[PDB]
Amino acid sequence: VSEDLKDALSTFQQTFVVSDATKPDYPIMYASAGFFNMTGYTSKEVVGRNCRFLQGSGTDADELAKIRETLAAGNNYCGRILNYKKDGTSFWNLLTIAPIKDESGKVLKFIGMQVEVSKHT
């Protein structure tokens, strides 16, 4: 809440997840070290869930539409979206999603790199 506090104890955390692209819920298969440090959810407990548990009231619906469109097309997504820690504390997520394709081009997984950043840049 306090302005001076947030900046002095700036946490520029970074994590990634890998999700299964062959199931309609795009479930996390693996969440990297740092996921709990950033979000307050353990890397173990998020396995089998869709990453939308990080979203809340202020998350931009149009950005979510572009993500779904990316996953369906099998391409990539780059955005800065509003996410929420287990706490309910909001943070800005510099989110980069890329397809993990096999030898013949099949999209088997997606990787999502998540970077906590401030509101603008």
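Heads up: residue numbers just count along the shown sequence, starting at 1.
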(message) Comparing average C-alpha B factors as deposited, tell me which of 8 to 16 and 95 to 103 sits higher.
(response) 8 to 16
(request) Can you let me know which of the two, 49 to 57 or 71 to 79, has the higher average C-alpha B-factor in the entry? (result) 49 to 57
(request) Check where residue 40 lands among this chain's C-alpha B-factors and tell me if it's the lowest, middle or highest third. (result) middle
(request) Divide the modelled residues of the chain into thirds by Cα B-factor and specify which third, lowest, middle or highest, holds residue 88. (result) highest
